[PDB]
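Asker: turn this into a model:
(2 chains, ligands or ions: 6)
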Amino acid sequence: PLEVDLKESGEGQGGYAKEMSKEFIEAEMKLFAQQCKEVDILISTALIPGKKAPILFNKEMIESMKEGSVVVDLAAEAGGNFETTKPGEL
Amino acid sequence: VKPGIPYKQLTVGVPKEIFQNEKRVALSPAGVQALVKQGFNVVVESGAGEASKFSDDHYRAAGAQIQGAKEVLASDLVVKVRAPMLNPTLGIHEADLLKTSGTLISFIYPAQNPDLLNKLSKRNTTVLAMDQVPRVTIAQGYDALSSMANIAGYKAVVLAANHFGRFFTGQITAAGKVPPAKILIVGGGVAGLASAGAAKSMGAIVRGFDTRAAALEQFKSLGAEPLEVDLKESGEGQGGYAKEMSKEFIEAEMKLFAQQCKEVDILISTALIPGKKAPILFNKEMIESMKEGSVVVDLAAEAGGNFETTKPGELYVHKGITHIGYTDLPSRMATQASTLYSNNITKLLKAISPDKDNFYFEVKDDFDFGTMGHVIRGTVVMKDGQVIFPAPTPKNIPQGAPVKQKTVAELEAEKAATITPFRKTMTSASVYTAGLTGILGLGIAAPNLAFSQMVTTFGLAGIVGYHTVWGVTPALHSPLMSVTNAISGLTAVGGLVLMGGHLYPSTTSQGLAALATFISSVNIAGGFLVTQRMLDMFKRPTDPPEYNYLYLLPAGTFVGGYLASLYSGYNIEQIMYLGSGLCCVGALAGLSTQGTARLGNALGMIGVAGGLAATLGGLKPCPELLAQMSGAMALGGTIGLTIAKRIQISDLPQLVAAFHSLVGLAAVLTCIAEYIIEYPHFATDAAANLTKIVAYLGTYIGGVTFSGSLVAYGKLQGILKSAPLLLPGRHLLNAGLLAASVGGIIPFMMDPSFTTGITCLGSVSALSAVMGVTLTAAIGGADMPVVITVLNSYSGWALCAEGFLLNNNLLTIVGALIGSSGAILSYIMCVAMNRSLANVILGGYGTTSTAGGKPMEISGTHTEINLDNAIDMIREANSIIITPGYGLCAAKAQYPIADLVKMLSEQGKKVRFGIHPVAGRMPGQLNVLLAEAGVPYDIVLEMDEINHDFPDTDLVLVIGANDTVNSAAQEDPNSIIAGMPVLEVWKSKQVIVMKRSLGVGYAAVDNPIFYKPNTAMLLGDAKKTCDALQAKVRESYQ
Ligand SMILES: CCCCCCCCCCCCCCCCCC(=O)OC[C@H](COP(=O)([O-])OCC[N+](C)(C)C)OC(=O)CCCCCCCCCCCCCCCCC
Ligand SMILES: CCCCCCCCCCCCCCCCCC(=O)OC[C@H](COP(=O)([O-])OCC[N+](C)(C)C)OC(=O)CCCCCCCCCCCCCCCCC
Ligand SMILES: NC(=O)c1ccc[n+]([C@@H]2O[C@H](COP(=O)([O-])OP(=O)(O)OC[C@H]3O[C@@H](n4cnc5c(N)ncnc54)[C@H](OP(=O)(O)O)[C@@H]3O)[C@@H](O)[C@H]2O)c1
Ligand SMILES: NC(=O)c1ccc[n+]([C@@H]2O[C@H](COP(=O)([O-])OP(=O)(O)OC[C@H]3O[C@@H](n4cnc5c(N)ncnc54)[C@H](O)[C@@H]3O)[C@@H](O)[C@H]2O)c1
Ligand SMILES: CCCCCCCCCCCC
Ligand SMILES: CCCCCCCCCCCC
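Answerer: Residues are numbered from 1 along each chain as shown, chains lettered A, B, ... in the order given. Ligands and ions are numbered 1, 2, ... in the order given. For reference, the structure is listed below:
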């Protein structure tokens, strides 16, 4: 289990999540840009009820990976967790 | 001159492949860092590793030089992944682009390509073949076909799924039972076992099959279901391979596969025989009977196929059951294939010329099997154009001859199975009838009722002492030793009741009693201070604050409860003896948890104080004689307190050897004294013979204990030489001394004179002292801790001889409690090695499991490293087990080891200690020295508790131990330590052994784990190297 250095309650009304603050999203993207240079596969399943999926990876954050990585996006219907995802193809 | 051309003038080359849809490359950049470390110059074609996903920047940063396409094949070494062929881009064949005296490293397949060998022979080159390396033991680090078979098996599994439209695992959720998938694997070689592992770990169940008898055991070890066929004929294929089976075996195997084919879901076939096609094992009607949507993978599609329906390279659906039939399967995992093939080529070129700045690889045909000339001649298929492909046979055949020696437990099995069930019951009934007739013999010889009551409390206290000292923790065996030495200072009880007169002694018996009280108070005070000092070093700094002064509350009302009754007209001494005996039992019983260990010192203090108070108040001494008693106990206690405080803990065995002599001497000084004070009463007594038997035996036991412990102290301290001084005739001398000592009780009876009795007492004391010096000086300085414990039992039983004599219950309870402790510690120590007490004391060669002579020889050479590779290999690990010995503590190396373990546990590692039961100069010494260093007791484990954690361990540091880690105890029945339980450190990943020089230990002339490939030597003194490791971990991480 990873961790960020901001203590914000992620829950909303029930078991579902809610929208995060801009500073929390920036700190989470700092964590993901830190550990995006070490992993080989990454699977993003982030999906917030009520609106579209949060963008969590820049187009320059994902090009810093190794030559040959696989990036799977399970939120391609309701937006996506990447600003580089054609929503139906490889 | 060295007959090779140097590394600087040569150049390897990595071309790209013009073969269709080819993706893997010949060398990864990890194989370009190597061979530049070795000395070659590397040139790489521009577009070479993009399909294998290796950019040109990594080849530039590895030391190579990106260059074109014509001047890469024109190199001294040419390294390909497959054979040269027609190049339609340049319009010329690649063999015409090579230089004259080049060298090619490729899959050649010379039995199938004669025109390639013709075109290479016209260019006058030397061609090595990665195909034709034979499958032997020393050439399994470079076996390209096994690597490609492993990758093909994993890729066949991961291509079975993503075309199979159900789960493999199967879960029980609250939405419906889903069953696991069922996968059948025809033929387990490398690809079959890779597929079985990849399918079993993912979740499915495997029911594979092979014709050889070993591959079914490999299937059962991987966890599959080995299938059997009814026609039971031999698995052919001499050399460890498979031939072509008979027709009836094939039509029975196809019946088995047709029965199993209706119910499995994925069928991976890997059947392949050498020099022929793959056998057709599945018909069309056999494979159309599967469930719709099944996946059928064919791994033998290059050499024929195992199916009547396989298009080699397509995925046609064929009424549901999808066929996968790719012929270039490792090319779809080209990164892993390129890395493993680069490792195979690098480990080939590191091995065929193991020399600096020369490159030779002599090709000769003398053909010693197993050696490397076999590998060199079998690999090279062309040398200077003249083809040498049919390799002649190796001369001898090792590696397949069963001559294998059994292990030592397998030789112990025929001893454990040759004892008939009649003789076990016969010797058990013999032991019990001997015990019962000995009880009857003690019954007949009883003069009075007090002897029978005292034998009853002796037997019960012996059983209590037996059960209570197996319960103690093996980490606290030396505080147990110290507690028994403190409680054995109750020979002052025997001194106070024979101590009479006034402020000074009057007669000689009253001076012997004063001497006994003096040295026993030395024992009491010294033992309780060293116990309290040793039990305060196990105290962790994160433990809760304990309040030991609250145990002044029972003591203050026990002896304070005594005197208030003593100032009342009551006599409570026979019950105060029981209470003191129970408190001394609880002193040893509480020393069994590590949370109750400080209770086990306080209860012993309460017991000794209550015993001395009872024997001091049941005499009613006059105020000048009580002053003499208190002065003797105060001076002895003062000397004991000032000795037990200045010592180091590493000098603790000597002090223990210094205590039993003061228990022995006092015992002698009691017994002779009670021969003097009760000599004029032997006329009018019926028990006049019992009190002389017991006096004689107590004098003998004390005289042995005194002199033996004195020689033990002299040989532990360094005064006497630690070599076993052997007299010319020593067994005849010892038997004559024992015969004189036993036969001297016959002049001691049958004569009521005083001069005869006192000269028999003096003679048995002198003969017992001479026997102690004679038996102790023939032992040797390493098994001297036996003499510490055996005499620890004798200093117990002398107390019983002081309790039978004075008619005192507390002395017999305490003496049984100490004798059982010493006997059980010496048993644990004799069974921790594999020697008997007659083997240690009398002197015997080796071990009671050795056999014959000629221990087996040593094989190989030792790997030796320095501080930097050792510290880098510590940093790679994530679970370390340290096995310390006496060399760690003789060099005072436990303090930087404790600081190093603390630093490595601050960084999330798992660093534990493993202790052998006879590592040290005393039972449990090494636990206390690690506790003094500062190590918490929960990461220090015994041998039995850590022994099954060695295969799942990244690193083992062996610091100053040789015999306790020696593998020849488990696999050489002729060894001097054969059968001794040892710390099996060889079963881990890596072992660093730190010692001064490659020599011996105390026995076992050479250690076979030092000459083992998973063991690196780090020579040097332990103090310097441990300080160096501490400084490097400190200065690399902080
Ligand atoms: C004070 C109120 C009245 C009570 C009077 C009762 C009669 C006298 C009984 C004395 C025996 C001890 C009582 C039970 C234990 C008490 C708790 C305790 O000691 O905790 C460890 C406590 C606390 O230990 P610690 O773990 O805090 O370590 C600190 C250690 N020192 C204090 C030395 C720096 O330590 C001590 O009390 C001192 C060290 C242990 C004793 C060392 C000398 C032993 C001498 C022989 C023992 C006595 C034999 C009998 C001879 C006659 C004695 C009068
Ligand atoms: C004034 C009163 C005086 C009273 C004196 C009372 C003396 C009581 C003596 C008690 C000790 C008895 C020892 C029996 C040992 C039996 C062990 C055994 O089973 O061995 C077979 C075993 C066979 O190996 P094993 O590994 O199969 O062990 C047996 C295990 N079971 C039973 C489960 C199968 O031999 C050994 O292990 C080798 C070593 C044996 C000896 C080890 C030391 C024994 C203790 C000696 C201490 C000193 C004695 C002092 C005597 C004093 C006399 C005055
Ligand atoms: N503990 C007991 O209660 C007890 C009882 C009876 C018998 N024993 C005996 O105890 C032995 C224990 O065996 P073991 O393997 O632990 O001991 P070992 O083989 O005698 O010694 C271990 C090795 O440590 C090395 N060493 C010694 N001093 C060193 C130092 N200052 N620095 C670095 N290395 C040092 C020595 O090798 P180099 O000098 O070659 O470098 C020595 O061979 C048993 O074999 C048994 O015979 C013990
Ligand atoms: N270090 C070592 O000991 C080591 C290393 C590498 C290889 N090897 C040996 O080399 C072989 C490795 O296997 P491989 O995959 O490389 O060879 P392979 O490609 O020839 O394997 C084909 C497999 O199919 C089996 N088979 C043949 N005919 C069959 C039939 N009619 N029905 C069912 N199964 C049939 C064979 O027994 C074999 O297991 C083994 O014999 C192994 O012991 C040993
Ligand atoms: C070994 C235990 C004692 C054996 C005693 C045998 C009989 C002695 C008789 C002595 C005269 C009554
Ligand atoms: C002749 C009478 C002998 C009485 C004593 C026999 C031996 C008893 C030994 C008891 C243990 C020390």
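Asker: can you name the residue of chain A nearest to ligand 2?
Answerer: Scanning chain A for proximity to ligand 2 using Cβ to the nearest ligand atom identifies residue A:1 as nearest, at 49.4 Å. No exception for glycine: its C-beta is placed from N, CA and C like everyone else's.
Asker: distance of that residue from ligand 1?
Answerer: Residue A:1 sits 42 Å away from ligand 1, going by Cβ to the nearest ligand atom, to the nearest Å.
Asker: residues near that residue, how many?
Answerer: Neighbourhood size, residue A:1 [other Cβ atoms under 10 Å in any protein chain shown]: 2.
Asker: what's around the closest residue to residue A:87 other than its chain neighbours, how many residues?
Answerer: Nearest residue to residue A:87, sequence neighbours excluded (Cβ to Cβ, 6 or more residues apart in numbering or on different chains): residue A:76, at 4.3 Å. Residue A:76 has 17 neighbours, counted by other Cβ under 10 Å.
Asker: residue A:76 contacts residue A:85, doesn't it?
Answerer: Yes. Here residue A:76 reaches residue A:85: they are 5.8 Å apart, a contact under Cβ atoms under 8 Å.
Asker: before we move on, back to that, need the contact list for the residue nearest to residue A:87.
Answerer: Counting by Cβ atoms under 8 Å, 6 or more residues apart in numbering or on different chains, residue A:76 touches A:85, A:87-88.
Asker: which single residue in chain A comes nearest to ligand 3?
Answerer: As assessed by Cβ to the nearest ligand atom, ligand 3 sits closest to residue A:38 within chain A, at 40.7 Å.
Asker: can you pull the contacts of residue A:24?
Answerer: With contact taken as Cβ under 8 Å, 6+ apart, residue A:24 is in contact with A:4, A:6, A:8.
Asker: quick check: the second one is in a strand.
Answerer: Pointing back at residue A:6 there. No. With DSSP: H, G, I helix; E, B strand; the rest coil as the criterion, residue A:6 is coil rather than part of a strand.
Asker: and it, how far from ligand 1?
Answerer: Separation of residue A:6 from ligand 1 (Cβ to the nearest ligand atom) stands at 47 Å.
Asker: go ahead and confirm residue A:66 touches residue A:38.
Answerer: No. The criterion here is Cβ under 8 Å, and residue A:66 misses it with residue A:38 at 9.2 Å.
Asker: those two: which is more packed in?
Answerer: More neighbours surround residue A:66 than the other of residue A:66 and residue A:38, with 11 against 8 (other Cβ under 10 Å).
Asker: would you map the strands across chain A?
Answerer: Secondary structure of chain A (DSSP state E): strands at A:41-44, A:70-73.
Asker: now those as a markdown table including mean neighbour count?
Answerer: A markdown table is the format used below for those (neighbours: other Cβ atoms under 10 Å in any protein chain shown):
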| stretch | mean neighbour count |
| --- | --- |
| strand A:41-44 | 14 |
| strand A:70-73 | 14 |
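Asker: check chain A for the residue nearest ligand 4 and tell me.
Answerer: Closest contact between chain A and ligand 4, by Cβ to the nearest ligand atom, is at residue A:68 (27.9 Å).
Asker: dump the residue contacts of that residue.
Answerer: Residue A:68 touches B:53, B:335, counting by Cβ under 8 Å, 6+ apart.
Asker: again, 10 Å this time
Answerer: Contact partners of residue A:68, counting by Cβ atoms under 10 Å, 6 or more residues apart in numbering or on different chains, are A:40, B:52-54, B:334-335.
Asker: can you check residue A:69 too?
Answerer: The contact partners of residue A:69, taken as Cβ under 10 Å, 6+ apart, are A:36, A:39-42, A:62, B:53.
Asker: need the contact list for residue A:36.
Answerer: When the contact criterion is Cβ under 10 Å, 6+ apart, the partners of residue A:36 are A:29, A:42, A:57-58, A:61-65, A:69, A:71.
Asker: try 6 Å this time
Answerer: Applying Cβ atoms under 6 Å, 6 or more residues apart in numbering or on different chains to residue A:36 gives the contacts residue A:61.
Asker: cool, residue A:64 as well?
Answerer: Taking Cβ under 6 Å, 6+ apart, we find residue A:64 in contact with residue A:37.
Asker: residue A:32: neighbour count?
Answerer: Using other Cβ under 10 Å, residue A:32 is surrounded by 20 other residues.
Asker: also residue A:82?
Answerer: Residues near residue A:82, counting by other Cβ under 10 Å, number 20.
Asker: in this structure it contacts residue A:59, no?
Answerer: No. The pair residue A:82 and residue A:59 does not pass the contact test of Cβ atoms under 6 Å, sitting 7.9 Å apart.
Asker: residue A:52 contacts residue A:77, correct?
Answerer: No. Assessed by Cβ under 6 Å, residue A:52 is found out of contact with residue A:77, at 10.0 Å.
Asker: contacts only, for whichever residue of chain A sits closest to ligand 6.
Answerer: Using Cβ to the nearest ligand atom, the single residue of chain A nearest to ligand 6 is residue A:1, 69.7 Å away. The contact partners of residue A:1, by Cβ under 6 Å, 6+ apart, come to none.
Asker: what sits closest to residue A:65 if chain neighbours are left out?
Answerer: Nearest to residue A:65 is residue A:36, by Cβ to Cβ, 6+ apart, at 6.2 Å.
Asker: got the phi and psi for the one you found?
Answerer: As for residue A:36, its main-chain torsions (degrees, to the nearest 10) stand at phi -90, psi -10.
Asker: how close does it get to ligand 5?
Answerer: Residue A:36 is 84 Å from ligand 5, by Cβ to the nearest ligand atom.
Asker: format the strands of chain A as TSV; extra columns: distance to ligand 1.
Answerer: Below are those laid out as TSV (distance: least, Cβ to the nearest ligand atom, whole Å):
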stretch	distance to ligand 1
strand A:41-44	56
strand A:70-73	61
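Asker: so which residues on chain A come close to ligand 5?
Answerer: Proximity of chain A to ligand 5, by Cβ under 6 Å from any ligand atom, involves no residues.
Asker: count the residues that sit near residue A:54.
Answerer: Residues near residue A:54, counting by other Cβ under 10 Å, number 19.
Asker: repeat for residue A:57
Answerer: Per other Cβ under 10 Å, the neighbour tally for residue A:57 reads 21.
Asker: burial count for residue A:80?
Answerer: By other Cβ under 10 Å, 22 other residues sit near residue A:80.
Asker: for it, give me its contacts.
Answerer: A:53, A:73.
Asker: again, 10 Å this time
Answerer: A:44, A:46, A:52-57, A:73-74, A:86-87.
Asker: ditto for residue A:74
Answerer: For residue A:74, the contacting residues are A:43-47, A:53, A:80-81, by Cβ under 10 Å, 6+ apart.
Asker: from what I can see residue A:82 touches residue A:56, true?
Answerer: Yes. Contact criterion Cβ atoms under 10 Å: residue A:82 and residue A:56 qualify, at 7.7 Å.
Asker: spatially central residue in chain A, please.
Answerer: With distances taken as Cα atoms, centre = their mean, chain A has residue A:56 as the residue nearest its mean C-alpha position (3.4 Å).
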